[PDB]
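K.L.:
Sequence plus experimental coordinates follow:
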Amino acid sequence: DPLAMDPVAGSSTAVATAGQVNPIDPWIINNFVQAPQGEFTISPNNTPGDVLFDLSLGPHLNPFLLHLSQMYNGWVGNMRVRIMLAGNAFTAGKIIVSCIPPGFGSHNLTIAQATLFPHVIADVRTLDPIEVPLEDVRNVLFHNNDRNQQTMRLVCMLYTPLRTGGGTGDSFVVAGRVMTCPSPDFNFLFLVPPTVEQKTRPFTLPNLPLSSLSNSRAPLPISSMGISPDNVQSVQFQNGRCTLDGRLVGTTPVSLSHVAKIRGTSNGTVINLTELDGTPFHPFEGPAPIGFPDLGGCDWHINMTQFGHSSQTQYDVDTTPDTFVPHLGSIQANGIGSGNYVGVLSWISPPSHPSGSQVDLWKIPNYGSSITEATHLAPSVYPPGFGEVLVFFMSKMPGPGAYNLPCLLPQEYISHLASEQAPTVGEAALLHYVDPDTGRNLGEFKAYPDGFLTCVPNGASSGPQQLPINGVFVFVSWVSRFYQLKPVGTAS
Amino acid sequence: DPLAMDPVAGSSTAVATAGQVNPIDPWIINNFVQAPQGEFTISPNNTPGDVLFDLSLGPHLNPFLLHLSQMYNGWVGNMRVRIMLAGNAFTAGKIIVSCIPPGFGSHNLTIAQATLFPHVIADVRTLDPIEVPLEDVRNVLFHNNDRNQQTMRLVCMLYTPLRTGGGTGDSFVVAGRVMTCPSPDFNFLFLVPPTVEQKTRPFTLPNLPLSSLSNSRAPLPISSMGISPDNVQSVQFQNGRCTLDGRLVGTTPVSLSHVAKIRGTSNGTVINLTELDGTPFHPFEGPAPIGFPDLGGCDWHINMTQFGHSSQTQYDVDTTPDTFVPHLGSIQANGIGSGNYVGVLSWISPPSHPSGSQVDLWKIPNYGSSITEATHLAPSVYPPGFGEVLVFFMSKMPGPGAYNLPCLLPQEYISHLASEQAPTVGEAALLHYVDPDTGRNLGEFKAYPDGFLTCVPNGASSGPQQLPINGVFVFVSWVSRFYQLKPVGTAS
Amino acid sequence: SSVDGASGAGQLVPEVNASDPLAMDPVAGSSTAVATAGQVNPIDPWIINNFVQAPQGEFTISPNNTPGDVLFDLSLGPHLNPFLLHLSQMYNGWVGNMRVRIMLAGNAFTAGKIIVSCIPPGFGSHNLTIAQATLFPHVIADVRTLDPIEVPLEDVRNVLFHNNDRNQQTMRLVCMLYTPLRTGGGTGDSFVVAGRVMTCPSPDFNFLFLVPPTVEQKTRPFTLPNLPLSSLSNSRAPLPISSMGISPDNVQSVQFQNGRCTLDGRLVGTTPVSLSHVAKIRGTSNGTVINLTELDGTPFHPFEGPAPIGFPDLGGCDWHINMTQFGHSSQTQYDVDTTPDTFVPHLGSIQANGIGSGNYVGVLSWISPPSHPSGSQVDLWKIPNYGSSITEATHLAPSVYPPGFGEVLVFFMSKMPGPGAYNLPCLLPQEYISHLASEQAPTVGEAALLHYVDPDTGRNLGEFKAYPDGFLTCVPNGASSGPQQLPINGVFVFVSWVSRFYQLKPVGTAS
Amino acid sequence: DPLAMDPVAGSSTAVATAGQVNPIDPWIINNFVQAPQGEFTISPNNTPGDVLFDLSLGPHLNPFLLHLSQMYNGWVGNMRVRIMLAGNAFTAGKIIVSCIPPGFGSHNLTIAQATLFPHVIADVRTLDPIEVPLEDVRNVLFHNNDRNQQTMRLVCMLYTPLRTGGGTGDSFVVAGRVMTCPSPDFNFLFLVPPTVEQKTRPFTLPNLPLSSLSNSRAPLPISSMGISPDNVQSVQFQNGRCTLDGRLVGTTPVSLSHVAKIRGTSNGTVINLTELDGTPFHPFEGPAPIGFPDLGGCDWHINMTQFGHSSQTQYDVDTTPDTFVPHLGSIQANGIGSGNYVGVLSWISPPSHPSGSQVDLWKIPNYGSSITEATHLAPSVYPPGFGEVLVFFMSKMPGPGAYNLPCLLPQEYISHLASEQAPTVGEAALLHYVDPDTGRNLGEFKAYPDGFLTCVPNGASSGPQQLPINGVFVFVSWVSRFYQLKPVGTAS
C-alpha cells in the first residue's frame, strides 16, 4: 500500500534564500542504481528486531548524486528507494522498512513499534523489488553539505525470525540490495569548487597490488595474509593504526621512514629518547616516540647509526627490565657509549628475561608504567561480526627462525587514508578482493571504522593465507556491523 | 522497468550514404530465436561479478540475420534480447544485465558499477523470460561487416552469490538461454556476393562420423576417445594443432600425406632434413620440418623408402642424443648409407637412452636447443574450465605392446577448418556429440579457440572412453570460457 | 563580474580588440548526436555562461620569450573547464563548442602581440612557425588590450559525436607569441605579462552517456597527496625528508634510478612502489660473488633493467649496507665499492669482500667516501656504474635537466649517516610516487604549475613546475637563496597546467 | 558579465513568524561606512593567491548596526559592499572577490578555484568603487544572535601580480578600502532590553595605560613588554591565565589580593594548605590553591604573617623536594613554627637543588605528581601562526640580580574580562597599541581566545621591547585565519 505521508515539496522552498537552485540530469532522475550502502544480509543468526540497515536521506545515497555532491554545497528533494531480496523457498520471514522522521532521535524499538511509522513489509521470498519513497521532511528551508544534519531515515528490520527449513545449511544467507534514484523534486544548490569540501568525499583505497606494499610495524614488504592463532583474539598494536577517517592512532606515523625507529642521546647507561626530528618527546603526548617499535613478545635488537661518524653498532633490547621506560623517554644502554644515534629494528630474538621462551609477535611491549603522566594507549580490536576473524598482513622478519610480522594495515593504505580524509558512512566497509588480471572476486572482507579488516574462514585449515598477494582491495559498499561475509578460501 | 535510453534511429541515417538500404523479411522481425551465443550456466562455482556472457550488437546475434550477413556488407538497426533461466526453488540469486555503450573500453567492474549502466535485474527463480532492447548506439552513420567495430554490448553478470540450499548437489547448474530478434528499425545495407566475405562465415564442423576419421600425429584411424592420466594435465603436441580460425600451428600440415614423415639426404653419419617437397628447411621457420613426428616419450623407428631405387629399410631413432637436432635439420643415421629417403613412422619402441624405461606418448621429443635461431614452438594447452579435462582422439599404434596414440583433433577437422576460415565468436564453442542414427545427445563438450576439446568426466572410472565412435560433433552455440558442462559417461 | 580599468586606464591601452572575423564557418552542436547517442545529457545552466578559469588557465609572456614560443595549446574537450572536467568522469562522450576567453592587460608601457590559431583535427603535430600560424584561421591581439579576447573553439567533426578514448582528435587552439615582448619605461625585468584563460561551454555542448563515475582514466584529474613535506620520505634511501635543495652550480643533469616516476604514474628505472624495497638487495652469497635476485626471491633478469628493483643508486659513494638473514641470528656489514669489474649489478653479480655463503637481505645504512678512485670526496649527485653488459640492453632511466628560463632542479633531501655532514638528494618523495602510481592521471600540458603553501595560513611560499618525466624546477632568487630557505611544513598545491616556458617567480630571499 | 547569483529575499520571510520587524534609521540605510577590517595594500611582493581580505555578513560590519544589535535579538537582510582601489593609469594587475556561501569551510583556495564562486575580477586601474552585493543566503527564516549562525562570506585575493611601470618606485603599492551599508531589506527583529543578552556584548579591554597596571603572577607594576628567547617556545603559567570569554583558568584569581599568596597550618614539619578564606583546598578542584605562585625555575621565598600575632617570618622554599606536594596541600616547613600563616612571595633566588644554577622564570614549578587525583593543570600555550610570537608583560622582582618576571595578561585585564564575559566571535582579536595622548597607532597585535597576545617582530633585536609603556590596547575587530600582522618595532 502507499505510504502514510503527504507529498513533500522540493526546490520551491529554498528559492528566495539559496544563491542558486541547480537542476540535475533527468537521466539520473529515474535510473535505479545500487546505493553506496547497497548491501545487507539476513541469516538465522539475526534476531527479529535486528537493524539490517539504517539509511539517512542525502545525495550520499546515490553514486551519481554523490559524485555531484562534490560540486555543490547544498541540496533539497525527495528520493526513491528500491529493495531486493534473493531468498529461497526454504527461507520464511518478513522484513519491515520504516521511515523515521528527523527529531525522533535514537531509541530501541520493538518490532511492534517499528510498525507505527509509515512502513512497508515484505516476505523474504519475493522475486520482485520493494519500493519506498524517501521524503525530504524538513524543518528548515533546505540542506547543506553536512552529515550532522538530521534528515529522514529508512530503517530495515527483521520483522519475524528467519526460519530455514529442509537440510538447514546455516551457511545460507539471504542477500539484500538497496537501490535508489532521485525523485524529480531533487535539486542541488550552490555551485562550489569540486572535491574541496571533505564532507562529500567518497571512500577510496589505493589501486595497488598487495605484494608491492609494505608492513606498518616494520619496513618489510608484505608476503602473505594471515590469521591469529585460535588462542589470540583481541590485539593492541601501536603502529600501523589508522582510522578510515584518516586519523593516525597510537604511535603510527605517515611514512615508512619513521616506522620501527628510535633516536636519542646515550648517557652510556641510559638512552634519552627524542622524536626522529630531534624534537623533544613528551610523556603526555603518547606511549612512546612516534615510530617507536611495538613488537611485543620479542627480544629485539636494532642497528644503530650516527651522523658525522662512520659506525654501525647493535643495540640489543629486552623489553622487561624497569630500565625500559619508553613512556618517559628513558631506556637501557646495554653497551653503548654516549652521543645520539638512529636505530632501525632489523633483527629479533626470542625474549630473554621472561624465561628464555618463545616469540609471540601478537603482543605489545611494556611501556614504562608512568602513572604521573598520561599513558595514552591505542585501544584494542576484535572481530564484532558473525564468526569473523581479524585479517593480518605479514612480512617475514629476519631472525633465528621462521618469524613473520603481522600488522593491521599496509603503510601505504595509511598514507592514502591520511591524505583523503574521507568521512566514514555506515558501520563497516564491504571490500572485495579482486585479481587485477581477471577481475574475478577472490574474497569478501569487511574494513571496520577503527582501521582493521575481518573475514570468515571456510574452515580451521582454510583462510586468507591461501590467497595470492596479487589482488587489490576494492571498496564495494558500506554495510552494517552485522553483515555476514561469504567464507574465504577452501576447506578440505 | 524500461531502459534508461532514448530510442535510437535506424536506416534513416545511412540513406544518403550507403549505396542501397535493404529491408528484411518481417517474419524474422519479431520471431524470438536462440542466438548463436545462446547458452550460459550459473553454478555455485561462480562468484558475484563473473561475466556469464558478453554480447556485442550485430547480425551475428541471430541465426537468420547471420545467414543473411553473408549476402550484404553492411547493417544498421536495433535488436531485442530475451533471457531465460531454468532455476529451482532451491536456487537463490540475482543477475544483472547491463548495456555498455561503445567507446567505454574494457575494465573490471564491481557489481555496484554494473548497476550504473542501463540494466535489468532478475531473480534466478523466474519462470518467465527477461527482455532487454539492444539499441544501436552509433558514432557513425552505419556499420560495415567488421567485427573490429565497436558496437553496443550486453554483459550479464552474477549480481549476488548463487546459494543452493537443501541437499546441496554441487552438480546443479542453472541453465541459461539467450534469444533475439531484430527491431523493425533493422536493415541490411549493400548487396554482396554470398559467402565470399569471411568475416560473416558461420563456424562449421564436418558432418562425418568420428570412426572414419584419422589421427593428426600419425596416419592412423581413430579408434576411441580418451583422457590424460590423473598425472598429466598440460600438453604440447606439435602436430595436429590448428586454431578454430583455421590457422595451422607448430609443424601441423593440411593433409595426412605429410603427417609423421621426414625427408632428407643421409651423409652415412648424419641426415640433413628438407621439407617433404625437397625444399630446404629453415631453423627460423619452426621447431622441425613440417610433418616431422612429435611422439615424445618414445624410441621410434620409421620405414624409409627411396625414389628410383627398390629398397625398404628401417631407421631406428632415439630422441635423446645430441646428434638429434631436428631444429637444425641434422639428425643421426644409426646405420643408413648416403642418398635421400622418405620415412614414415610405423613402429614405436620404449625409449632406449633414458634407462630402458616405459613409453609416455603424452610427451614431445627434444628438438635441438638451437639458441642462435628461433625455436618457435607451439604453446601448451590445459582445461580452463570447471573440472574440465582435455579430450583426446586415439588410434592404436603398432609396437611391442598396447600403445594408443593421443591427438587433439582428427586430421580431417584440421583440413576443414583451414578451408573455411570462420572467425571465432566467443570464448568457446559448445558442441553436442550426437548419434547420427537417433539424433540423441550422447555428450556435451567445449572446443576452445586454440584448437582442443574438454569435458567433465562423471567419475574417475567414467569418461568419453565409454562412448561409441559413431557420433558426430555438432556445433551448438558459442559460450563463455566459464560455461559448466554436464558430466559425460556413467560412473558406478 | 568583469571590471576592466577603462574608467581609470586613461587611453593608453586599447579596450576592445579590433580584428577580422575567423575564416571559418560555424559548426553544429548536439543536434548531430540526438538520433544515435543513447542519451543526451544536459548540463547545469549555471555552468553555461560562467567564464571560469580553465585548468590550463595560466601563461606568461616575458622579454625572454621569442616569437614562436607556444604560450598554451588547448585541445577541445571537457578538460578545458573545471566543472566539465568533473562531470566528464561521469559520462562517456560529448559534442559541442566551447567559448574561450584569453585575458591580457599589460602596462601601457609594454608592447607586443600574440596570435591564436585554430588547428583542424587531422592535421597532426608539427612545429609551426609564426608565419605558418597565419595560414590557419587566426586572431591577433596586442598584450595591452583591456577586454578579454573571445574565441569560439568549434567542434569540427568527422563523426556524429565523441567518446572518451585516445582514438579521438579534436580541434586545437594554439597561442604563440607573435612579436617579442618589450617593456618600455623604467623596465623592471621582473615584469612579465600574466595571462589568464577562461572558458565556458556553448549551449550546443552536451555530455552523452551516463557511466560509472571514475572508471575511465582519460577523465582523471591530476592530484597530489595533501601531506606536509616533513612527514614524507626519500626515494633513494628510507630516510625522512629534512629540507629541499639545489644542485651546485657545477651539477646540471642528473640520472638517479630510484625515485623516478612519470606524472601519469609510470615507474621508471629501478624505482619500486614502497620504501620496503628502497635501497635494498637480496641474493645468494658464494663466499666470493653474490648472485642477486628480486626481494621477492624471484630471479632478476638482465633484460628487465639496470639492476634489481630497489637496488641502491648512490654514485659517488663507497657505501656499505647492513645484511641480515632469515632463520639465522646474525647481522653483518657489506662494504661495497662501485668501481671493480666484479661490480656487475646489471648481471646479478657483485663482490663479497668478506661474506660467507647463504642468502641475505641488505639495507643501505652507512656510506663513506669512494675508496678506489683516489680516496676522494663524496658526490651523491652521481649514479654508480651498472655493469656495462654489452650482450644485454642496459635499459637506463634518462637524464633530467631544467628546460625553463633560468630554472634549476629542485631536490628533496634527507641527512644520511656517515663520516660527516651528508644529505641525500632525490627527485620526488616516495609517497608522491606511490600516489601517482595509483591514480594514473593523464598529464595535460607541458608542465604543472605548483604553489608551495603553508597549510595553516594558506600563504604562498613558493612557485614550482613539475615536468611530465617526474621532477620539479624553480627559479632561485639570489645565488645564496633558494628552496633550502623554506620550512618543510608546506604542501604542494596544483594550480594549473602550463607551457614549457611559463616563467616562475624567483624563490627565497636574496640579500 | 553578471554575478552568478539569484537575488535573495530580505525581511519578507520574517514577517510571518518573527514577533516584530523593527526598521532602521534611514540615514544608516544607504550610508557607506568603512568596515573594521576595511584596509589592505597590494605591494608588488604579493603573489596571485594571497588573501587581501575576508568578510562575514553581520551587524558587526557596521558600528551603527552593531550598536543596535544589542537592543534586538534577531536580524535578516542584505548589505552592499564597496571596494575602492587607489591606482594610476600606469599600473596593472587584477583582484578577485568571491562570494562564499555559508556551510562551506575555511579551506584555502587557488585563484582558479576562487573563480568557481560567483565572483568579480577588477583591474587595479579602476576609478569607480567596485560594488558587490553581500546577500543573506539563509537556511532559516531569520537569524537569532548565535555563533552557530554561518553567514555569507567575501574573500578577496590577488588575481594577477601588480606590475607598475614608469621609473618603478618599489615603495609603490595599491591601497584598498572596504565599505558596507545595509540595504532596505535589512531589519532587526525583536526588541529586547539593551545589553542584557550576552550574545551581543562587544569585546572590550580596559582603557588604561600599561604602565599603571600590574603583573598577574606577582603583585608588581608592569615595567616592560618582552618576548621569550629563541630557546623558549612553549609556555605554561598557572596564574595570569584567562580566556577572552572571561573564564579563569588554573589558579588565576580575580584580584591581585590573592596573587602569589598561600595560607595553611604549619605542622612544624609540613604545611597543610587551604584557600585564603581559610577554606579547604582540594586536589581535584585544581593543581594547587587559588593564588598559589607559579614561578618555576626559581628558589623563591615568601614573607609570612599571622592574625592575632605580631610577627613576620621569612619562609624559604625549594620546588624540587618530594615534600613539595602543593597539589595535595602539603609542603615543607624548612624552619617554621606551628600555626596558620599567610605568605606573600617577595624575594626570589636561583634554584638551589639543580646544581645551584641560574634562574628560569619561564618555567613552572612542580605541583605534587598525584596519580590518584586529577592534577588539572592549565594547558601549555604555543604561538599559532606563520611567524607569530608570544608577547609578555614583565615586571622587575627583588632578588640577587636582574629578575624580569614574564606574564601573559595584566591582572587588571583579567578582572575586566571576567566582569564583561564577552563571547569570542572569530579566531583572534586584532588589537592596536595606541598612544592615548597622540591617538597614534604604535603597533599591531593579535589576541587569541585562550588568553594571550602575539605579534610579528621586525628584526631579530626589534620588537615590543622597543615600545613605550604609555600605550593602551584597543580592540579593532575579530580577524580571520588569513590575517597577517604588520611587523612591530623600529627597524633601521
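P.N.:
Looks like it came in fine. Residues are numbered from 1 along each chain as shown, chains lettered A, B, ... in the order given.
K.L.:
contacts and neighbour counts: CA atoms only from here.
P.N.:
Noted.
K.L.:
what's the burial count for residue A:331?
P.N.:
By the measure other Cα atoms under 10 Å in any protein chain shown, the count of residues near residue A:331 is 23.
K.L.:
and the strand or helix carrying it, what other elements does it pack with?
P.N.:
Element membership for residue A:331 (DSSP states H and E) is strand A:330-332. Contact here means 3 or more Cα pairs under 8 Å, 6 or more residues apart in numbering or on different chains; DSSP states H and E; on that basis strand A:330-332 packs against strand A:270-274.
K.L.:
which element follows the longest strand seen in chain A toward the C-terminus?
P.N.:
Longest strand in chain A, counting residues (DSSP state E): strand A:338-349. Remark: after strand A:338-349, the chain's next helix or strand is strand A:389-397, criterion DSSP H and E.
K.L.:
Show residues contacting whichever helix or strand comes after that next one.
P.N.:
Proceeding N to C from strand A:389-397, the next assigned helix or strand is strand A:403-407, under DSSP H and E. Strand A:403-407 is touched from outside by A:215-218, A:226, A:237, A:240, A:361-362, A:392-397, C:327, with contacts defined as Cα atoms under 8 Å, 6 or more residues apart in numbering or on different chains.
K.L.:
Would you agree residue A:283 is in contact with residue A:329?
P.N.:
Yes: with contact defined as Cα atoms under 8 Å, residue A:283 counts as touching residue A:329 (7.4 Å).
K.L.:
and the residue in chain A that chain B sits nearest to, how many neighbours?
P.N.:
The minimum distance from chain A to chain B, using Cα to the nearest Cα, falls at residue A:167 (4.6 Å). Per other Cα under 10 Å, the neighbour tally for residue A:167 reads 11.
K.L.:
Excluding sequence neighbours, find me the nearest residue to it.
P.N.:
residue B:166 (4.6 Å; Cα to Cα, 6 or more residues apart in numbering or on different chains).
K.L.:
For that neighbour, give me its contacts.
P.N.:
Here residue B:166 is in contact with A:90, A:166-169, B:90 (criterion: Cα under 8 Å, 6+ apart).
K.L.:
Does it lie in a helix or a strand, and which?
P.N.:
Applying DSSP H and E, one finds residue B:166 in no helix or strand.
K.L.:
which residues touch stretch A:205-214?
P.N.:
A:220-224, A:395, A:410-413, A:416-417, A:436, A:469-475, C:272-276, C:435, C:437-439.
K.L.:
For the stretch 201-350 of chain A, list the residues in contact with chain C, please.
P.N.:
For the stretch 201-350 of chain A, the contact set with chain C under Cα under 8 Å from any Cα of the partner chain comprises A:206-208, A:212-215, A:219-221, A:253-258, A:305-312, A:346-347, A:349.
K.L.:
Now which of those would you call buried?
P.N.:
Buried residues within these, counting neighbours by 16 or more other Cα atoms under 10 Å in any protein chain shown: A:206-208, A:212-215, A:219-221, A:253-258, A:305-307, A:312, A:346-347, A:349.
K.L.:
Those in strands, which ones?
P.N.:
Per DSSP E, the subset of these in strands is A:305, A:346-347, A:349.
K.L.:
will you turn these into CSV that also has distance to chain D?
P.N.:
Converted to CSV, these look like this (distance: Cα to the nearest Cα, whole Å):
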residue, distance to chain D
A:305, 28
A:346, 36
A:347, 37
A:349, 35
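K.L.:
separation between the residue of the stretch 251-400 of chain A found nearest chain C and chain D?
P.N.:
Of the stretch 251-400 of chain A, the residue with the smallest distance to chain C, taken as Cα to the nearest Cα, is residue A:308 at 3.5 Å. Using Cα to the nearest Cα, to the nearest Å, one obtains 24 Å as the distance from residue A:308 to chain D.
K.L.:
and that residue, what does it touch?
P.N.:
Residue A:308 touches C:417-422, counting by Cα under 8 Å, 6+ apart.
K.L.:
how's chain A carved up into domains?
P.N.:
A:1-201, A:202-258+A:350-492, A:259-349 (curated CATH domains).
K.L.:
what about the last one, start to end distance?
P.N.:
Using Cα to Cα, to the nearest Å, the end-to-end distance of domain A:259-349 comes to 19 Å.
K.L.:
Can you give the distance from that domain to the centre of its chain?
P.N.:
Here domain A:259-349 is found 31 Å from its chain centre; the criterion is Cα atoms, centre = their mean, to the nearest Å.
K.L.:
repeat for stretch A:456-468
P.N.:
21 Å.
K.L.:
got a winner among the contacts of strand A:403-407 for most neighbours?
P.N.:
residue A:216 (35 neighbours).
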